[PDB]
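Structure record follows, encoded as structure tokens.
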Amino acid sequence: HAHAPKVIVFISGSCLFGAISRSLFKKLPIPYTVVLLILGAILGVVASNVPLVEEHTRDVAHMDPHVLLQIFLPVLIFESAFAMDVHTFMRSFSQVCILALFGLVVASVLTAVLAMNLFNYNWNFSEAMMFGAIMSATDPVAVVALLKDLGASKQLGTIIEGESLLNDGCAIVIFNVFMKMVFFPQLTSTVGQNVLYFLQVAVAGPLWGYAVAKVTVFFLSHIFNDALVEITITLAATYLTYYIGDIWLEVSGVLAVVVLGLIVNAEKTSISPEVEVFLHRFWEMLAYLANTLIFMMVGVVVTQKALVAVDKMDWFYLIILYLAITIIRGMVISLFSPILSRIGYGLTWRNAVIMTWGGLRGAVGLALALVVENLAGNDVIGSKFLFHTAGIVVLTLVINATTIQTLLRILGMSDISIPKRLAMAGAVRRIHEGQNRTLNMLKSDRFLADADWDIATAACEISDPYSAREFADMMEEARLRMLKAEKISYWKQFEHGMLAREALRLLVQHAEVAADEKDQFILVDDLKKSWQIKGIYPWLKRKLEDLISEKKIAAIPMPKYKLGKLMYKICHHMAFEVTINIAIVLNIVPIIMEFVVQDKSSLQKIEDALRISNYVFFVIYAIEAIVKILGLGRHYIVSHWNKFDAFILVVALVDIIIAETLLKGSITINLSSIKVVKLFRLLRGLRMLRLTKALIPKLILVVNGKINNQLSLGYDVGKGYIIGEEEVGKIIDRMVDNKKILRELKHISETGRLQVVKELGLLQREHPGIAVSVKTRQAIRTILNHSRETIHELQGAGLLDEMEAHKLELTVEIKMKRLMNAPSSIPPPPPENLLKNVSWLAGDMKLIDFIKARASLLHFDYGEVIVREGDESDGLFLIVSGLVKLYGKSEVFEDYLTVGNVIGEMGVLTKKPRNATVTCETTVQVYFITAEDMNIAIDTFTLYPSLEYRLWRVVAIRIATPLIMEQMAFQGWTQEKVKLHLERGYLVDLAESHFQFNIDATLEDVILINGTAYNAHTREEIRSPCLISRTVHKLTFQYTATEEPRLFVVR
Amino acid sequence: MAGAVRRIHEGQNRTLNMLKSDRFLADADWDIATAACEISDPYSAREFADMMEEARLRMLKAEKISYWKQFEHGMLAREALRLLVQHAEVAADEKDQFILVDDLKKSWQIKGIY
Amino acid sequence: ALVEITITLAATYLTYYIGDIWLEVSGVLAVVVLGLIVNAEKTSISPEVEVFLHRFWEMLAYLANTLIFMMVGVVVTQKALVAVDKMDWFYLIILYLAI
Ligand SMILES: CCCCCCCCCCCCCCCC(=O)O
Ligand SMILES: CCCCCCCCCCCCCCCC(=O)O
């Protein structure tokens, strides 16, 4: 009607003042919060002198204390929790928890006892404990930001963040408890209520937060391309969680918010790839506003109140307090120096000193002091709290925030690594060369010809910010060369996207650890590359116990008596359990009310209906029984779980007619339900316990998910190691000059590669269900990623405009998000599907049927021999299940093969004796296809994509894949881009031999696989299995009945 | 759109053929072929004038793709591209006149007189 | 980014509040002009701030629309149905044609 709020102007003024202060104090080490405090002091003095601005400032000067506790603190707490790195924090759970909790408790108790002893104020223990809890909360954002800028010791930053978060939460909880104890006394209570109160404060919070987080995460995974809905529902969930936890029920709110934020941050994958950026920015700006407002408020309030009643001697006390709060904390670290030395990452004296000097008090202590001062109404309390808190905050901000950089430099942590320095030098050299080339190109233009050339310095040069016995040499230099080669290979794999993140982090960590270690090659595979592959814990035992618990007979016959099949199918339908579950969950309502009435015309209608409630459900259960028993015969009792259904009904009736409604005898006088009923019969609730039967399969899904995550991590690590080792091998082969070093290096590479391959094969054999799901997800991802790259290239080429490309990209990301919700387990495909999927015969059905007609199944026990070296070719073998070890002479190469591999192709195609004896590592089932049968098939099928053609194309690709690596001279083709590029090429038909094959730009490079060739320049004869380089221009075929000449080109 | 989806199908087939030959992702189930599916088309469902007109539209598509490529590089900004493509399609829908006659349609922006 | 976002929000709120309270000028037109001018000169804005601003204003508008619709539903359901006349419905139909 006549509204004119005066709170917007103050928040906007503080907003602008903070913006100016932050912008101005950028290069200077002094934080802008001191400037904010000074500005608040000036504003408070002015408002005291001038009533006009006092009319606007009194709204926040005497602001209600509860808003500080119930709005500002939760916002800062949730903002701190959200920006966390969940994985690194999880990797240091016990250390952070123990350190934070015990240090907080010890510091609070010691500060409290010092406050009672040293200070002359007559304080009891509760107020002293409140004081300690106020001055035991830290927020060192500056220290962790500086450490991240330095780019080293991420563990220190993670530990600092974890300790700060836990300290803030626990300090707030302790302060709340003790403030309620002090300012609002509530008679006396026994230990019975005290234990319940402690349990409600401690445990009931995190459980509620975890439940809400799980519910909202589940609901967040079914929303597609709706950013607004996701953001709005997340905000609503957070606000409702805090409000319900802290108001409707008396549980703690900060802990629930912390747990919810941590859980949501852990499962950020379900969040669409752009929402979390908006959420992070929103929470950051909210925290910034809260900090600015809190600082201005404390400045004004202290400037008035503390300076009304400040004592000269008090200042002296403050000084000692500072020493105390900078000593005890450090002592705590010393008191825990060895305890966490053997647990987790560990600690060192330099890190301990940095941690001790890195504790800066923040806005939490100021808010608590303001609340305490507002609640009190005298001088001995509230004035002293605020004065001491403000003094401590100012002292810490002035001293530590400015001396931390010098302390870091002294301690030898500001140095720059030589590899980083030389990499930066190379990068800036690259940049200068590119800039010079571009400038030389632009000047030669016709339009931008006479432009002024002051851009040469306007664009400037990106200068380096840093500025400023006969064998061990080659041994060490070759070692570091493998380290850089492995690191760049892993980085390239990441940039492609196949290596994920955690696997890359583990690989690079192992690499640099073994590099800094003295004389041992990285990735010895003994233990450092073993835990992730293993992933062993009673997950599998719990899974097996659940499956054996949920067991049933295969099938029940259908008697032709009565209707038979109709009644049987109506009893066995999923609708049956759907309605029984619905009836139970809607029985939770009546069972709740009677209990309510138990713990308690309205009562008349309550007893009229409630009784109607049981007299209908009982009949419904009876109706189920006649269906679940009849058509099942005795089976009624065969299912050991279903026996529970008989009991529920028997108890129901037995305690409804013989225990209730007495008109014949039975209990009569006995003090049973007749005079009871209010109890005993209430057991109706037992009806709820019946759900478990359907609840058991749900836990299997979560166990499968955990095992799936572990298996995926192990597979990614193994793949990455294998790919890095091959690339590193082809690099070292040409880079190194000496021979003995090269042979040793290749030995150490090959041993580890073979061990990892065998371990991965054994693991895949041990867990069949989830391996199939893992392989499927990685393929769908790889395929979708390549499709997205192709779409982007097509849009860039100009054939497609912007909106169609955007639509197709949206479709692709929707498909990826749908993939992300894939089932955790997939049953293994049958041998028929395995035979069908094989590439060189896939597609048409006639050839598939012809092959399936004659392909015998062979079972081989462990430790047998399938194929002997030097034996004539007889056929192939399709590994359906198991592992096989191939040993052969080429350098005596060895290998391991698994499901989906075929080994007969070379011999069956070129009529040559076998060259590799294969033995079996486990029991193995194989598919044997006779050589005569294959000859008949290849003679029968002679279409354009003939069987002969397809087999030779597969063999040619396999043979020619390693050869290109040679021509690769440090070009980094990643072994995958070459495979793709080669897949584009096809095998040409040598219809005529008198012709001469020409070469040109379209066909690039060509490779010969079978036959022989002669140069068209100097009559140079060349055999089949070799490259031809480029020095040839024309290829001359010839008539040779000994071997068929095969040519495979790429265009 | 038909050409784009044909491109997409060819790339998907090539990638599937490449993976099938792997050693690790060798025996994975091949239901991905339909799980990743195919991005189908959403739409679903006198002797001289011939070569004259067909050559005209060929210049139009060539000019349009050249302007789009210049945009994707970034040298052409946005408003210039919009004006160029607008003039192109206007003169294309117009009957028998080559685009950008430079008389008035490409004159006001160059002039900029006030 | 934080400074830019916060100063933009403060500028908008202060503009409307000062225009509509301290002096008696219209507020909606000033906000319209300010928004149009800022949108025209979005080049000075860092290439990621405007996305956040657009999302923020979109979510605010969505919340306002939902709240307004629920409020009008409740208020009409009570008040209009206390004193609704049978003939009035007829009038409404003609009104539709008119508009
Ligand atoms: C940090 C979160 C946002 C803070 C600013 C939003 C408004 C809450 C605090 C300002 C006072 C208005 C609400 C309390 C009631 C009052 O002060 O009369
Ligand atoms: C669409 C902008 C946000 C709307 C919700 C924020 C709070 C404003 C409206 C809710 C009522 C509270 C403020 C008015 C005072 C009152 O209703 O007592």
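Residue numbers (the deposited numbering), protein chains in the order written: chain A, 71 to 538, 573 to 704, 723 to 1012, 1030 to 1190; chain B, 494 to 538, 573 to 641; chain C, 297 to 395.
Note that beta-carbon positions come from the ideal geometry of N, C-alpha and C, so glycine has one too.
- Under the three-state DSSP convention, the category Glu1033 (chain A) falls into: strand
- Message: Please list the terminal residues of the continuous alpha helix (DSSP H) segment that includes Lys588 (chain A).
- Response: 576-600
- Just the residues with CB closer than 7 Å to a heavy atom of ligand 2, in chain order, which are they? C:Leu356, C:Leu359, C:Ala360, C:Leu363
- Query: When you compare only the Cα positions, how much space is there between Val145 (chain A) and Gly414 (chain A)?
  - Reply: 31 Å
- Task: List the DSSP bridge partners of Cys1059 (chain A).
- Result: A:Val1006
- Query: Mind checking if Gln917 (chain A) is an interface residue toward chain B, Cβ cutoff 9 Å exclusive?
  - Reply: yes
- Message: Measuring straight from C-alpha to C-alpha, what distance separates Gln1106 (chain A) and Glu1160 (chain A)?
- Response: 21 Å
- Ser93 (chain A), DSSP secondary structure in three states: helix
- Task: Could you run through the stretch 579-604 of chain B and flag, in chain order, every residue whose CB is less than 7 Å away from some CB of chain A?
- Result: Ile592, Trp595, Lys596, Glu599
- Decide if the stretch 518-535 of chain B is in contact with the stretch 1032-1049 of chain A; the criterion is three or more beta carbon pairs, one per stretch, under 8 Å apart. yes
- For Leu1119 (chain A), which option in B:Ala495, B:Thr508, B:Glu503 has the closest C-alpha, if you only look at C-alpha atoms? B:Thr508
- Query: I think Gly992 (chain A) touches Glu1060 (chain A), with their Cβ atoms under 8 Å apart; what is that distance to the nearest whole Å?
  - Reply: Not quite, the Cβ-Cβ distance comes to about 22 Å (not below 8 Å), so this is no contact.
- Item | Straight-line gap, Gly315 (chain C) to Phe348 (chain A) (C-alpha atoms, nearest Å) | 30 Å
- Item | Neighbour flag for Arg499 (chain B) against chain D, beta carbons, 9 Å | The structure shown contains no chain D; its protein chains are A, B and C.
- Message: Between the alpha carbons of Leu94 (chain A) and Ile640 (chain B), how many angstroms are there, rounded?
- Response: 43 Å
- With a threshold of 8 Å, establish whether the CB of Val371 (chain A) neighbours any heavy atom of ligand 1. no
- Can you give the Cα-Cα distance for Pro890 (chain A) and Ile902 (chain A), rounded to whole angstroms? 19 Å
- Flag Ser164 (chain A) as yes if its beta-carbon sits less than 9 Å from any beta-carbon of chain B, otherwise no. no
- Using a Cβ cut-off of 8 Å, which residues of the stretch 886-905 of chain A contact any Cβ in chain B, in chain order? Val894, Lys897, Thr898, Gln900, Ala901, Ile902, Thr904, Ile905
- Query: Curious, which full-length beta strand (DSSP E) runs of at least 3 residues does the stretch 957-1001 of chain A contain?
  - Reply: 978-982, 987-989
- Can you give me the Cβ contacts of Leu610 (chain B) inside the same chain, cut-off strictly under 6 Å, excluding the 5 residues immediately before and after it? none
- Using a Cβ cut-off of 8 Å, which residues of the stretch 503-527 of chain B contact any Cβ in chain A, in chain order? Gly504, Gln505, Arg507, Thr508, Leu509, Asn510, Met511, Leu512, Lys513, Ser514, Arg516, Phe517, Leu518, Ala519, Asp520, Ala521, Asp522, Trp523, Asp524, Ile525
- Message: What does the Cβ neighbour count give for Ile532 (chain B), buried or exposed, with the cut at 16 atoms within 10 Å?
- Response: buried
- Message: Quick check on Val380 (chain C) - is its C-beta less than 9 Å from some C-beta in chain A?
- Response: no
- Query: With respect to 8 Å, is the separation between the Cβ of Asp209 (chain A) and the closest non-hydrogen atom of ligand 1 below this value?
  - Reply: no
- Just to confirm, are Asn470 (chain A) and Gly429 (chain A) a CB contact at a threshold of 9 Å? yes
- Give every residue of the same chain whose Cβ lies closer than 8 Å to the Cβ of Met1073 (chain A), excluding the five residues on either side of it in the sequence, and list them in chain order. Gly997, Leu998, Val1047
- Query: Nearest to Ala1070 (chain A) by CA position, among A:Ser978, A:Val628, A:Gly400, is which residue?
  - Reply: A:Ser978
- Task: Would you please verify whether the beta carbon of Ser909 (chain A) is less than 9 Å from any beta carbon of chain B?
- Result: yes
- Message: Under 7 Å, CB to CB, which of the residues in the stretch 314-327 of chain C have a partner in chain A?
- Response: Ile317
- Message: With a threshold of 8 Å (Cβ to nearest heavy atom), would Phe142 (chain A) be considered close to ligand 1?
- Response: yes
- Since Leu1174 (chain A) sits in a beta bridge, which residues does DSSP pair it with? A:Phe1136, A:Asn1154
- Task: Flag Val371 (chain C) as yes if its beta-carbon sits less than 9 Å from any beta-carbon of chain A, otherwise no.
- Result: no
- Query: How would you write the range of the alpha helix (DSSP H) that residue 561 (chain A) sits in, first residue to last?
  - Reply: Between 538 and 573 the numbering of chain A has a gap, and residue 561 (chain A) falls inside it, with no coordinates.
- Query: Can the beta-carbon of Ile970 (chain A) be found less than 9 Å from the beta-carbon of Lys958 (chain A)?
  - Reply: yes
- Inter-residue Cα distance where the pair is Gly840 (chain A) and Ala589 (chain B): 49 Å
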